[PDB]
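**Student:** The structure that follows is given in the form of structure tokens.
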Ligand SMILES: Nc1nc2c(ncn2[C@@H]2O[C@H](COP(=O)(O)OP(=O)(O)O)[C@@H](O)[C@H]2O)c(=O)[nH]1
Ligand SMILES: [Sr+2]
């Protein structure tokens, strides 16, 4: 309706649940449930003088739980591919997540994707801003945000870009 859907995809542990909670409730809690399956929260917004609800999903990241999450890709209006900057592996797996999304979502190389490098509050990184920025350029020229769910840094900024991408 005035409802649109976005999904966070990325390895387990990169901070998807926390990013959602920070965006939606402006809190960083340390003991979120571990969900074997998928999860969502409603974000009530107002764009162009209208009420719009962004429904934010994410999933379990383990390969063995693929079958539990891919039925909920459908209807996603934007995909937030997430890694954490402290974890090169998570960054290396971005193409994997994009391909999985594309396979199962059935949405076009014009689909809205947004890339979040999370846990930037972590000074000891495995991934440089430049290589992530690089990757985004060469892989669809997606917008890139360095975020911290813990300290809230760029989190609304990244979700707002998603909103406008969808709305566009
Ligand atoms: N330092 C730091 N820890 C974070 C951040 N985001 C999430 N966490 C922690 O990372 C761990 C995995 O978080 P979670 O939100 O469940 O990641 P998910 O599996 O991708 O949903 C948890 O212990 C979180 O508290 C962040 O930006 N910075
Ligand atoms: Sr989680």
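Numbers run from 1 along the shown chain.
Each Cβ is built from the backbone N, Cα and C atoms, and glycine gets one as well.
Taken from Swiss-Prot, the feature GDP binding site applies to 13, 15, 16, 17, 18, 118, 119, 121, 149, 150. The feature GTP binding site is assigned by Swiss-Prot to 13, 14, 15, 16, 17, 18, 30, 34, 35, 61, 118, 119, 121, 150, with similarity to another entry given as support. Marked as Mg(2+) binding site by Swiss-Prot on the basis of similarity to another entry: 17, 35, 58. Among the features that Swiss-Prot reports, motif 'Switch 1' is placed at 27-38. Swiss-Prot lists 60-74 with the feature motif 'Switch 2'.
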**Student:** Would you mind sorting out which of 17, 30, 35, 58 (the binding-site residues) have a C-alpha within 10 A of the one on residue 119 (GDP binding site)?
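**Tutor:** The binding-site residues close to residue 119 (GDP binding site) (Cα within 10 Å) - there are none.
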**Student:** Filter the binding-site residues 15, 35, 119 down to those with CB closer than 6 A to an atom of ligand 1; keep them in sequence order.
**Tutor:** 15, 119
**Student:** At 10 angstroms around each C-beta, which of the binding-site residues 13, 15 has the fewest other C-beta atoms nearby?
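**Tutor:** Lowest Cβ count within 10 Å among the binding-site residues (13, 15) is 13.
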**Student:** Count the residues of the motif 'Switch 2' (60-74) that DSSP assigns to helix (H, G, I), to strand (E, B) and to coil, and report the three numbers in that order.
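**Tutor:** Output for the motif 'Switch 2' (60-74) reads 10 helix, 0 strand, 5 coil.
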**Student:** Taking the Cα atoms as reference points, how far is residue 58 (Mg(2+) binding site) from residue 13 (GDP binding site) in Å?
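**Tutor:** Cα-Cα, rounded: 12 Å.
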**Student:** Please report the end-to-end Cα distance in Å across the unmodelled region of 2 residues, from residue 107 to residue 108, as a whole number.
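**Tutor:** What separates the two Cα atoms is a distance of 7 Å.
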**Student:** Expressed to the nearest Å, what is the distance separating residue 35 (GTP binding site) and residue 16 (GDP binding site) at their Cα atoms?
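**Tutor:** Approximately 12 Å lies between the Cα of residue 35 (GTP binding site) and that of residue 16 (GDP binding site).
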**Student:** Which residues in the same chain, at least 6 apart in sequence, have a Cβ under 8 Å from the Cβ of residue 18 (GDP binding site)?
**Tutor:** 28, 29, 32, 149, 150
**Student:** Highest Cβ count within 10 Å among the binding-site residues 16, 119: which residue is it?
**Tutor:** 16
**Student:** Taking only the binding-site residues 15, 119, 149, which have a CB closer than 6 angstroms to any atom that belongs to ligand 2?
**Tutor:** none
**Student:** Quick one: pull the CA-CA distance for residue 118 (GTP binding site) versus residue 16 (GDP binding site), whole Å only.
**Tutor:** 9
**Student:** Where among the binding-site residues 17, 30, 58 do you find the Cβ with the fewest other Cβ atoms within 10 Å?
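**Tutor:** Candidates: the binding-site residues 17, 30, 58. Fewest Cβ atoms within 10 Å: 30.
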**Student:** Here are the binding-site residues: 35, 118. Which has the lowest count of other Cβ atoms within 10 Å?
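**Tutor:** So among 35, 118, the binding-site residues given, the one with the fewest Cβ atoms within 10 Å is 35.
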